[PDB]
$ cat upload-v2.cif   # mmCIF, N, CA and C atoms
data_my_file
loop_
_atom_site.label_atom_id
_atom_site.label_comp_id
_atom_site.auth_asym_id
_atom_site.auth_seq_id
_atom_site.Cartn_x
_atom_site.Cartn_y
_atom_site.Cartn_z
N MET Q 1 -64.22 10.70 -11.71
CA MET Q 1 -63.42 10.86 -10.51
C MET Q 1 -63.39 9.58 -9.68
N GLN Q 2 -62.23 9.31 -9.10
CA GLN Q 2 -62.06 8.12 -8.28
C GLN Q 2 -61.64 8.51 -6.86
N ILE Q 3 -62.62 8.56 -5.98
CA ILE Q 3 -62.37 8.92 -4.59
C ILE Q 3 -62.07 7.65 -3.79
N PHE Q 4 -61.62 7.86 -2.56
CA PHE Q 4 -61.30 6.74 -1.69
C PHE Q 4 -62.00 6.89 -0.33
N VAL Q 5 -61.83 5.87 0.49
CA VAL Q 5 -62.44 5.87 1.81
C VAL Q 5 -61.49 5.19 2.81
N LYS Q 6 -61.38 5.80 3.98
CA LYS Q 6 -60.51 5.28 5.02
C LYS Q 6 -61.37 4.76 6.17
N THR Q 7 -61.40 3.44 6.30
CA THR Q 7 -62.17 2.80 7.36
C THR Q 7 -61.40 2.85 8.68
N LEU Q 8 -61.94 2.14 9.66
CA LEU Q 8 -61.32 2.09 10.98
C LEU Q 8 -59.98 1.36 10.88
N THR Q 9 -59.94 0.38 9.98
CA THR Q 9 -58.73 -0.40 9.78
C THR Q 9 -57.74 0.37 8.90
N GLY Q 10 -58.21 1.51 8.40
CA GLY Q 10 -57.38 2.34 7.55
C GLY Q 10 -57.51 1.92 6.08
N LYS Q 11 -57.94 0.69 5.89
CA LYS Q 11 -58.12 0.16 4.54
C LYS Q 11 -58.64 1.26 3.63
N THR Q 12 -58.06 1.33 2.44
CA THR Q 12 -58.45 2.33 1.46
C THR Q 12 -59.32 1.70 0.37
N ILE Q 13 -60.57 2.14 0.32
CA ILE Q 13 -61.50 1.63 -0.66
C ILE Q 13 -61.75 2.70 -1.73
N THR Q 14 -61.53 2.31 -2.98
CA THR Q 14 -61.72 3.22 -4.09
C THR Q 14 -63.20 3.32 -4.45
N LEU Q 15 -63.60 4.51 -4.86
CA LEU Q 15 -64.98 4.75 -5.23
C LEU Q 15 -65.03 5.46 -6.59
N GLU Q 16 -66.18 5.37 -7.24
CA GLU Q 16 -66.36 5.99 -8.54
C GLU Q 16 -67.65 6.82 -8.55
N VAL Q 17 -67.67 7.82 -7.68
CA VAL Q 17 -68.83 8.70 -7.59
C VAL Q 17 -68.64 9.90 -8.51
N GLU Q 18 -69.55 10.86 -8.39
CA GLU Q 18 -69.49 12.06 -9.21
C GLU Q 18 -69.55 13.30 -8.32
N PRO Q 19 -69.10 14.45 -8.90
CA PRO Q 19 -69.11 15.71 -8.18
C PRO Q 19 -70.53 16.28 -8.08
N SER Q 20 -71.46 15.57 -8.70
CA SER Q 20 -72.85 15.99 -8.69
C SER Q 20 -73.68 15.04 -7.82
N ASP Q 21 -73.02 13.98 -7.37
CA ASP Q 21 -73.68 13.00 -6.53
C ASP Q 21 -73.80 13.55 -5.10
N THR Q 22 -74.22 12.67 -4.20
CA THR Q 22 -74.37 13.05 -2.80
C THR Q 22 -73.56 12.13 -1.90
N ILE Q 23 -73.44 12.53 -0.65
CA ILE Q 23 -72.69 11.75 0.32
C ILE Q 23 -73.40 10.42 0.56
N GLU Q 24 -74.69 10.51 0.82
CA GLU Q 24 -75.49 9.32 1.06
C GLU Q 24 -75.35 8.34 -0.10
N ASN Q 25 -74.99 8.88 -1.25
CA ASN Q 25 -74.81 8.06 -2.44
C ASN Q 25 -73.44 7.38 -2.38
N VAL Q 26 -72.50 8.06 -1.75
CA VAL Q 26 -71.15 7.53 -1.62
C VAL Q 26 -71.15 6.39 -0.60
N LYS Q 27 -71.70 6.69 0.57
CA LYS Q 27 -71.77 5.70 1.63
C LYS Q 27 -72.47 4.44 1.11
N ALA Q 28 -73.55 4.66 0.38
CA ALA Q 28 -74.32 3.56 -0.18
C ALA Q 28 -73.37 2.62 -0.93
N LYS Q 29 -72.32 3.21 -1.49
CA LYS Q 29 -71.34 2.44 -2.24
C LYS Q 29 -70.42 1.72 -1.26
N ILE Q 30 -70.20 2.35 -0.11
CA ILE Q 30 -69.35 1.78 0.91
C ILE Q 30 -70.06 0.60 1.57
N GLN Q 31 -71.38 0.59 1.43
CA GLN Q 31 -72.18 -0.47 2.00
C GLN Q 31 -71.89 -1.80 1.29
N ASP Q 32 -71.95 -1.75 -0.03
CA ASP Q 32 -71.69 -2.94 -0.83
C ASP Q 32 -70.18 -3.11 -1.00
N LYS Q 33 -69.54 -2.03 -1.41
CA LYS Q 33 -68.10 -2.05 -1.61
C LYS Q 33 -67.45 -2.91 -0.53
N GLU Q 34 -67.84 -2.65 0.71
CA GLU Q 34 -67.30 -3.39 1.84
C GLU Q 34 -68.29 -4.47 2.28
N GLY Q 35 -69.56 -4.20 2.02
CA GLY Q 35 -70.61 -5.14 2.39
C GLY Q 35 -71.11 -4.88 3.81
N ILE Q 36 -70.80 -3.68 4.30
CA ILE Q 36 -71.21 -3.29 5.64
C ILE Q 36 -72.51 -2.48 5.55
N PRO Q 37 -73.34 -2.61 6.62
CA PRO Q 37 -74.60 -1.90 6.68
C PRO Q 37 -74.39 -0.42 6.99
N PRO Q 38 -75.32 0.42 6.46
CA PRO Q 38 -75.24 1.85 6.67
C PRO Q 38 -75.66 2.22 8.09
N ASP Q 39 -76.00 1.20 8.86
CA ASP Q 39 -76.42 1.40 10.24
C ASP Q 39 -75.23 1.90 11.06
N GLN Q 40 -74.05 1.47 10.66
CA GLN Q 40 -72.83 1.87 11.35
C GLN Q 40 -71.82 2.43 10.35
N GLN Q 41 -72.30 3.32 9.50
CA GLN Q 41 -71.45 3.94 8.50
C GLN Q 41 -71.53 5.46 8.60
N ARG Q 42 -70.40 6.10 8.33
CA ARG Q 42 -70.33 7.55 8.39
C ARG Q 42 -69.12 8.05 7.59
N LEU Q 43 -69.41 8.54 6.39
CA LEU Q 43 -68.36 9.05 5.53
C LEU Q 43 -68.02 10.49 5.94
N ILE Q 44 -66.73 10.72 6.16
CA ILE Q 44 -66.27 12.03 6.56
C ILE Q 44 -65.15 12.48 5.62
N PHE Q 45 -65.15 13.78 5.34
CA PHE Q 45 -64.15 14.35 4.45
C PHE Q 45 -63.34 15.44 5.16
N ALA Q 46 -62.06 15.49 4.84
CA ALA Q 46 -61.17 16.47 5.43
C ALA Q 46 -61.50 16.61 6.92
N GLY Q 47 -61.70 15.47 7.56
CA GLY Q 47 -62.02 15.44 8.97
C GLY Q 47 -63.17 16.40 9.29
N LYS Q 48 -64.18 16.35 8.45
CA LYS Q 48 -65.35 17.21 8.63
C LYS Q 48 -66.62 16.37 8.44
N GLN Q 49 -67.63 16.72 9.23
CA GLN Q 49 -68.90 16.01 9.16
C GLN Q 49 -69.55 16.22 7.79
N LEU Q 50 -70.05 15.12 7.24
CA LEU Q 50 -70.70 15.17 5.94
C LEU Q 50 -72.21 15.01 6.12
N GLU Q 51 -72.95 15.54 5.15
CA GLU Q 51 -74.40 15.47 5.20
C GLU Q 51 -74.93 14.80 3.92
N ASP Q 52 -76.07 14.14 4.07
CA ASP Q 52 -76.69 13.46 2.95
C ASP Q 52 -77.41 14.49 2.07
N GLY Q 53 -77.39 15.73 2.53
CA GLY Q 53 -78.04 16.81 1.81
C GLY Q 53 -77.02 17.61 0.99
N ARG Q 54 -75.77 17.51 1.41
CA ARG Q 54 -74.69 18.21 0.73
C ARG Q 54 -74.28 17.46 -0.54
N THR Q 55 -73.18 17.91 -1.13
CA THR Q 55 -72.68 17.29 -2.34
C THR Q 55 -71.15 17.38 -2.39
N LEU Q 56 -70.56 16.51 -3.20
CA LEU Q 56 -69.12 16.48 -3.35
C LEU Q 56 -68.64 17.83 -3.89
N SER Q 57 -69.24 18.24 -4.99
CA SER Q 57 -68.88 19.50 -5.62
C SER Q 57 -69.12 20.65 -4.64
N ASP Q 58 -69.96 20.39 -3.66
CA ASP Q 58 -70.27 21.39 -2.65
C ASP Q 58 -69.29 21.27 -1.49
N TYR Q 59 -68.67 20.11 -1.40
CA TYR Q 59 -67.70 19.85 -0.34
C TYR Q 59 -66.27 20.07 -0.84
N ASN Q 60 -66.17 20.41 -2.12
CA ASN Q 60 -64.87 20.65 -2.72
C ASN Q 60 -64.20 19.31 -3.04
N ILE Q 61 -64.97 18.25 -2.85
CA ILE Q 61 -64.46 16.91 -3.12
C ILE Q 61 -64.14 16.78 -4.60
N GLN Q 62 -63.00 16.15 -4.87
CA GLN Q 62 -62.56 15.95 -6.24
C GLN Q 62 -62.18 14.49 -6.47
N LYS Q 63 -61.37 14.27 -7.50
CA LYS Q 63 -60.92 12.93 -7.83
C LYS Q 63 -59.72 12.57 -6.95
N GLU Q 64 -59.61 11.28 -6.67
CA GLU Q 64 -58.52 10.79 -5.84
C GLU Q 64 -58.69 11.26 -4.40
N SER Q 65 -59.86 11.81 -4.12
CA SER Q 65 -60.16 12.31 -2.79
C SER Q 65 -60.48 11.14 -1.85
N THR Q 66 -59.79 11.14 -0.72
CA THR Q 66 -59.99 10.09 0.27
C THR Q 66 -60.91 10.57 1.39
N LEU Q 67 -61.89 9.74 1.70
CA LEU Q 67 -62.84 10.07 2.75
C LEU Q 67 -62.46 9.34 4.03
N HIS Q 68 -63.35 9.41 5.01
CA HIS Q 68 -63.12 8.76 6.29
C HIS Q 68 -64.37 7.97 6.70
N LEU Q 69 -64.18 6.67 6.86
CA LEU Q 69 -65.28 5.80 7.25
C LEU Q 69 -65.08 5.37 8.70
N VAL Q 70 -65.93 5.91 9.57
CA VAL Q 70 -65.86 5.58 10.99
C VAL Q 70 -67.19 4.96 11.43
N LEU Q 71 -67.28 4.72 12.73
CA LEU Q 71 -68.49 4.13 13.29
C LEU Q 71 -69.40 5.25 13.81
N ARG Q 72 -70.55 4.84 14.32
CA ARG Q 72 -71.51 5.79 14.85
C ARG Q 72 -72.07 5.29 16.18
N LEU Q 73 -73.07 6.01 16.68
CA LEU Q 73 -73.69 5.65 17.94
C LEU Q 73 -74.27 4.24 17.84
N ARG Q 74 -74.68 3.72 18.99
CA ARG Q 74 -75.25 2.39 19.04
C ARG Q 74 -76.55 2.33 18.24
N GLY Q 75 -77.21 1.19 18.33
CA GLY Q 75 -78.47 0.99 17.62
C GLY Q 75 -79.65 0.99 18.58
N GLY Q 76 -79.64 0.02 19.48
CA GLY Q 76 -80.71 -0.11 20.46
C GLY Q 76 -80.80 -1.54 20.99
#

$ encode --input "upload-v2.cif" --output "structure tokens"
Amino acid sequence: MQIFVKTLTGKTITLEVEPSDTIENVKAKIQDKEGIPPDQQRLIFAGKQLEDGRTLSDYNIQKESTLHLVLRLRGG
């Protein structure tokens, strides 16, 4: 399956995760894929909050599925 990600710029980044993988595993890909730190990363699907405990197959995520990459709270 080849999912995608929509950043703040809207840019669409293709991913090659699995329906058995996890969200935290997807973002991890967004880290290098884009080269951005997970400190300010948050993958969202169908405009819904995602968890590192959930799964794609559990989120109904499939192939060609586009996610949402937004920012998060400050750091400190």

$ residues_around --input "upload-v2.cif" --residues "residue Q:67" --least-positions-apart "4" --cutoff "5 Å" --atoms "only N, CA and C atoms" --output "ChimeraX atom specification"
/Q:4-6,44-45

$ write_last_selection --input "upload-v2.cif" --atoms "N, CA and C atoms" --output "PDB file, in the frame of the given file"
ATOM      1  N   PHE Q   4     -61.620   7.860  -2.560  1.00  0.00           N
ATOM      2  CA  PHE Q   4     -61.300   6.740  -1.690  1.00  0.00           C
ATOM      3  C   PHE Q   4     -62.000   6.890  -0.330  1.00  0.00           C
ATOM      4  N   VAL Q   5     -61.830   5.870   0.490  1.00  0.00           N
ATOM      5  CA  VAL Q   5     -62.440   5.870   1.810  1.00  0.00           C
ATOM      6  C   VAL Q   5     -61.490   5.190   2.810  1.00  0.00           C
ATOM      7  N   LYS Q   6     -61.380   5.800   3.980  1.00  0.00           N
ATOM      8  CA  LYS Q   6     -60.510   5.280   5.020  1.00  0.00           C
ATOM      9  C   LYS Q   6     -61.370   4.760   6.170  1.00  0.00           C
ATOM     10  N   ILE Q  44     -66.730  10.720   6.160  1.00  0.00           N
ATOM     11  CA  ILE Q  44     -66.270  12.030   6.560  1.00  0.00           C
ATOM     12  C   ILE Q  44     -65.150  12.480   5.620  1.00  0.00           C
ATOM     13  N   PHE Q  45     -65.150  13.780   5.340  1.00  0.00           N
ATOM     14  CA  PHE Q  45     -64.150  14.350   4.450  1.00  0.00           C
ATOM     15  C   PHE Q  45     -63.340  15.440   5.160  1.00  0.00           C
TER      16      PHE Q  45
END

$ resolve_selection --input "upload-v2.cif" --expression "the PyMOL selection byres ((chain Q and resi 17-31) around 5)" --output "list in words"
residues 15, 16, 32, 33, 34, 35, 36, 52, 54, 55, 56 and 57 of chain Q

$ resolve_selection --input "upload-v2.cif" --expression "the PyMOL selection byres (((chain Q and resi 39 and name CA) around 10) and name CA)" --output "ChimeraX atom specification"
/Q:31,36-38,40-42,71-75

$ write_last_selection --input "upload-v2.cif" --atoms "N, CA and C atoms" --output "tab-separated table (two decimals), in the frame of the given file"
chain	number	residue	atom	x	y	z
Q	31	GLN	N	-71.38	0.59	1.43
Q	31	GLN	CA	-72.18	-0.47	2.00
Q	31	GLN	C	-71.89	-1.80	1.29
Q	36	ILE	N	-70.80	-3.68	4.30
Q	36	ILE	CA	-71.21	-3.29	5.64
Q	36	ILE	C	-72.51	-2.48	5.55
Q	37	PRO	N	-73.34	-2.61	6.62
Q	37	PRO	CA	-74.60	-1.90	6.68
Q	37	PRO	C	-74.39	-0.42	6.99
Q	38	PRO	N	-75.32	0.42	6.46
Q	38	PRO	CA	-75.24	1.85	6.67
Q	38	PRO	C	-75.66	2.22	8.09
Q	40	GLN	N	-74.05	1.47	10.66
Q	40	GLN	CA	-72.83	1.87	11.35
Q	40	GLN	C	-71.82	2.43	10.35
Q	41	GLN	N	-72.30	3.32	9.50
Q	41	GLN	CA	-71.45	3.94	8.50
Q	41	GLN	C	-71.53	5.46	8.60
Q	42	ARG	N	-70.40	6.10	8.33
Q	42	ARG	CA	-70.33	7.55	8.39
Q	42	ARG	C	-69.12	8.05	7.59
Q	71	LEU	N	-67.28	4.72	12.73
Q	71	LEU	CA	-68.49	4.13	13.29
Q	71	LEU	C	-69.40	5.25	13.81
Q	72	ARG	N	-70.55	4.84	14.32
Q	72	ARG	CA	-71.51	5.79	14.85
Q	72	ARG	C	-72.07	5.29	16.18
Q	73	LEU	N	-73.07	6.01	16.68
Q	73	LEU	CA	-73.69	5.65	17.94
Q	73	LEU	C	-74.27	4.24	17.84
Q	74	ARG	N	-74.68	3.72	18.99
Q	74	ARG	CA	-75.25	2.39	19.04
Q	74	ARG	C	-76.55	2.33	18.24
Q	75	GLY	N	-77.21	1.19	18.33
Q	75	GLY	CA	-78.47	0.99	17.62
Q	75	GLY	C	-79.65	0.99	18.58

$ select_by_dssp --input "upload-v2.cif" --residues "chain Q" --states "strand (DSSP E)" --output "list in words"
residues 3, 4, 5, 6, 12, 13, 14, 15, 42, 43, 44, 45, 66, 67, 68, 69 and 70 of chain Q

$ write_last_selection --input "upload-v2.cif" --atoms "N, CA and C atoms" --output "JSON list (two decimals), in the coordinates of the input"
[["chain", "number", "residue", "atom", "x", "y", "z"],
["Q", 3, "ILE", "N", -62.62, 8.56, -5.98],
["Q", 3, "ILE", "CA", -62.37, 8.92, -4.59],
["Q", 3, "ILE", "C", -62.07, 7.65, -3.79],
["Q", 4, "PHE", "N", -61.62, 7.86, -2.56],
["Q", 4, "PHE", "CA", -61.30, 6.74, -1.69],
["Q", 4, "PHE", "C", -62.00, 6.89, -0.33],
["Q", 5, "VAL", "N", -61.83, 5.87, 0.49],
["Q", 5, "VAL", "CA", -62.44, 5.87, 1.81],
["Q", 5, "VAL", "C", -61.49, 5.19, 2.81],
["Q", 6, "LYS", "N", -61.38, 5.80, 3.98],
["Q", 6, "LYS", "CA", -60.51, 5.28, 5.02],
["Q", 6, "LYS", "C", -61.37, 4.76, 6.17],
["Q", 12, "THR", "N", -58.06, 1.33, 2.44],
["Q", 12, "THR", "CA", -58.45, 2.33, 1.46],
["Q", 12, "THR", "C", -59.32, 1.70, 0.37],
["Q", 13, "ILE", "N", -60.57, 2.14, 0.32],
["Q", 13, "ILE", "CA", -61.50, 1.63, -0.66],
["Q", 13, "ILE", "C", -61.75, 2.70, -1.73],
["Q", 14, "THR", "N", -61.53, 2.31, -2.98],
["Q", 14, "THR", "CA", -61.72, 3.22, -4.09],
["Q", 14, "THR", "C", -63.20, 3.32, -4.45],
["Q", 15, "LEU", "N", -63.60, 4.51, -4.86],
["Q", 15, "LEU", "CA", -64.98, 4.75, -5.23],
["Q", 15, "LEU", "C", -65.03, 5.46, -6.59],
["Q", 42, "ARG", "N", -70.40, 6.10, 8.33],
["Q", 42, "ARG", "CA", -70.33, 7.55, 8.39],
["Q", 42, "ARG", "C", -69.12, 8.05, 7.59],
["Q", 43, "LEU", "N", -69.41, 8.54, 6.39],
["Q", 43, "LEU", "CA", -68.36, 9.05, 5.53],
["Q", 43, "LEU", "C", -68.02, 10.49, 5.94],
["Q", 44, "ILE", "N", -66.73, 10.72, 6.16],
["Q", 44, "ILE", "CA", -66.27, 12.03, 6.56],
["Q", 44, "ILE", "C", -65.15, 12.48, 5.62],
["Q", 45, "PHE", "N", -65.15, 13.78, 5.34],
["Q", 45, "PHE", "CA", -64.15, 14.35, 4.45],
["Q", 45, "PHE", "C", -63.34, 15.44, 5.16],
["Q", 66, "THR", "N", -59.79, 11.14, -0.72],
["Q", 66, "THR", "CA", -59.99, 10.09, 0.27],
["Q", 66, "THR", "C", -60.91, 10.57, 1.39],
["Q", 67, "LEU", "N", -61.89, 9.74, 1.70],
["Q", 67, "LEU", "CA", -62.84, 10.07, 2.75],
["Q", 67, "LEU", "C", -62.46, 9.34, 4.03],
["Q", 68, "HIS", "N", -63.35, 9.41, 5.01],
["Q", 68, "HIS", "CA", -63.12, 8.76, 6.29],
["Q", 68, "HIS", "C", -64.37, 7.97, 6.70],
["Q", 69, "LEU", "N", -64.18, 6.67, 6.86],
["Q", 69, "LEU", "CA", -65.28, 5.80, 7.25],
["Q", 69, "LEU", "C", -65.08, 5.37, 8.70],
["Q", 70, "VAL", "N", -65.93, 5.91, 9.57],
["Q", 70, "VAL", "CA", -65.86, 5.58, 10.99],
["Q", 70, "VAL", "C", -67.19, 4.96, 11.43]]

$ residues_near_point --input "upload-v2.cif" --point "(-63.3, 13.1, 10.9)" --cutoff "9 Å" --atoms "only C-alpha atoms" --output "list in words"
residues 43, 44, 45, 46, 47, 48, 49, 67, 68, 69 and 70 of chain Q

$ select_by_dssp --input "upload-v2.cif" --residues "chain Q" --states "helix (DSSP H, G or I)" --output "PyMOL selection string"
chain Q and resi 23-34+38-40+56-59

$ atom_distance --input "upload-v2.cif" --atom1 "atom CA of residue Q:51" --atom2 "atom N of residue Q:7"
17.7 Å

$ atom_distance --input "upload-v2.cif" --atom1 "atom N of residue Q:61" --atom2 "atom CA of residue Q:10"
20.5 Å

$ atom_distance --input "upload-v2.cif" --atom1 "atom N of residue Q:1" --atom2 "atom N of residue Q:63"
6.2 Å

$ build_atoms --input "upload-v2.cif" --residues "stretch 41-67 of chain Q" --atoms "N, CA, C and O atoms" --output "CSV table (one decimal), in the coordinates of the input"
chain,number,residue,atom,x,y,z
Q,41,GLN,N,-72.3,3.3,9.5
Q,41,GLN,CA,-71.4,3.9,8.5
Q,41,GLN,C,-71.5,5.5,8.6
Q,41,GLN,O,-72.6,6.0,8.9
Q,42,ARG,N,-70.4,6.1,8.3
Q,42,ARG,CA,-70.3,7.6,8.4
Q,42,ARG,C,-69.1,8.0,7.6
Q,42,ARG,O,-68.0,8.0,8.1
Q,43,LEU,N,-69.4,8.5,6.4
Q,43,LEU,CA,-68.4,9.0,5.5
Q,43,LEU,C,-68.0,10.5,5.9
Q,43,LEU,O,-68.9,11.3,6.0
Q,44,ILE,N,-66.7,10.7,6.2
Q,44,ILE,CA,-66.3,12.0,6.6
Q,44,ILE,C,-65.2,12.5,5.6
Q,44,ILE,O,-64.3,11.7,5.2
Q,45,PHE,N,-65.2,13.8,5.3
Q,45,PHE,CA,-64.2,14.4,4.4
Q,45,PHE,C,-63.3,15.4,5.2
Q,45,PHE,O,-63.9,16.2,6.0
Q,46,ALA,N,-62.1,15.5,4.8
Q,46,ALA,CA,-61.2,16.5,5.4
Q,46,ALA,C,-61.5,16.6,6.9
Q,46,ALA,O,-61.6,17.7,7.4
Q,47,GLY,N,-61.7,15.5,7.6
Q,47,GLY,CA,-62.0,15.4,9.0
Q,47,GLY,C,-63.2,16.4,9.3
Q,47,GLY,O,-63.1,17.1,10.3
Q,48,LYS,N,-64.2,16.4,8.4
Q,48,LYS,CA,-65.4,17.2,8.6
Q,48,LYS,C,-66.6,16.4,8.4
Q,48,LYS,O,-66.7,15.5,7.6
Q,49,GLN,N,-67.6,16.7,9.2
Q,49,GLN,CA,-68.9,16.0,9.2
Q,49,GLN,C,-69.6,16.2,7.8
Q,49,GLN,O,-69.6,17.3,7.3
Q,50,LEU,N,-70.0,15.1,7.2
Q,50,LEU,CA,-70.7,15.2,5.9
Q,50,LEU,C,-72.2,15.0,6.1
Q,50,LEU,O,-72.7,14.4,7.1
Q,51,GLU,N,-73.0,15.5,5.2
Q,51,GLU,CA,-74.4,15.5,5.2
Q,51,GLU,C,-74.9,14.8,3.9
Q,51,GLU,O,-74.3,14.9,2.9
Q,52,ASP,N,-76.1,14.1,4.1
Q,52,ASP,CA,-76.7,13.5,3.0
Q,52,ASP,C,-77.4,14.5,2.1
Q,52,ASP,O,-78.0,14.1,1.0
Q,53,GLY,N,-77.4,15.7,2.5
Q,53,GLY,CA,-78.0,16.8,1.8
Q,53,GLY,C,-77.0,17.6,1.0
Q,53,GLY,O,-77.4,18.3,0.0
Q,54,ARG,N,-75.8,17.5,1.4
Q,54,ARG,CA,-74.7,18.2,0.7
Q,54,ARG,C,-74.3,17.5,-0.5
Q,54,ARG,O,-75.0,16.5,-1.0
Q,55,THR,N,-73.2,17.9,-1.1
Q,55,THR,CA,-72.7,17.3,-2.3
Q,55,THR,C,-71.2,17.4,-2.4
Q,55,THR,O,-70.6,18.2,-1.7
Q,56,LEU,N,-70.6,16.5,-3.2
Q,56,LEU,CA,-69.1,16.5,-3.4
Q,56,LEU,C,-68.6,17.8,-3.9
Q,56,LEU,O,-67.7,18.5,-3.3
Q,57,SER,N,-69.2,18.2,-5.0
Q,57,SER,CA,-68.9,19.5,-5.6
Q,57,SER,C,-69.1,20.6,-4.6
Q,57,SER,O,-68.5,21.7,-4.8
Q,58,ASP,N,-70.0,20.4,-3.7
Q,58,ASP,CA,-70.3,21.4,-2.6
Q,58,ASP,C,-69.3,21.3,-1.5
Q,58,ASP,O,-69.1,22.2,-0.7
Q,59,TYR,N,-68.7,20.1,-1.4
Q,59,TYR,CA,-67.7,19.8,-0.3
Q,59,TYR,C,-66.3,20.1,-0.8
Q,59,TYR,O,-65.3,19.9,-0.1
Q,60,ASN,N,-66.2,20.4,-2.1
Q,60,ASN,CA,-64.9,20.6,-2.7
Q,60,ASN,C,-64.2,19.3,-3.0
Q,60,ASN,O,-63.0,19.3,-3.4
Q,61,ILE,N,-65.0,18.2,-2.8
Q,61,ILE,CA,-64.5,16.9,-3.1
Q,61,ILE,C,-64.1,16.8,-4.6
Q,61,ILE,O,-64.9,17.2,-5.5
Q,62,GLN,N,-63.0,16.2,-4.9
Q,62,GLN,CA,-62.6,16.0,-6.2
Q,62,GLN,C,-62.2,14.5,-6.5
Q,62,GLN,O,-62.6,13.6,-5.7
Q,63,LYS,N,-61.4,14.3,-7.5
Q,63,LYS,CA,-60.9,12.9,-7.8
Q,63,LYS,C,-59.7,12.6,-7.0
Q,63,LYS,O,-58.9,13.4,-6.6
Q,64,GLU,N,-59.6,11.3,-6.7
Q,64,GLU,CA,-58.5,10.8,-5.8
Q,64,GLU,C,-58.7,11.3,-4.4
Q,64,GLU,O,-57.8,11.1,-3.6
Q,65,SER,N,-59.9,11.8,-4.1
Q,65,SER,CA,-60.2,12.3,-2.8
Q,65,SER,C,-60.5,11.1,-1.8
Q,65,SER,O,-61.3,10.3,-2.2
Q,66,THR,N,-59.8,11.1,-0.7
Q,66,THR,CA,-60.0,10.1,0.3
Q,66,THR,C,-60.9,10.6,1.4
Q,66,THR,O,-60.7,11.7,1.9
Q,67,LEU,N,-61.9,9.7,1.7
Q,67,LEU,CA,-62.8,10.1,2.8
Q,67,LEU,C,-62.5,9.3,4.0
Q,67,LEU,O,-61.4,8.7,4.1
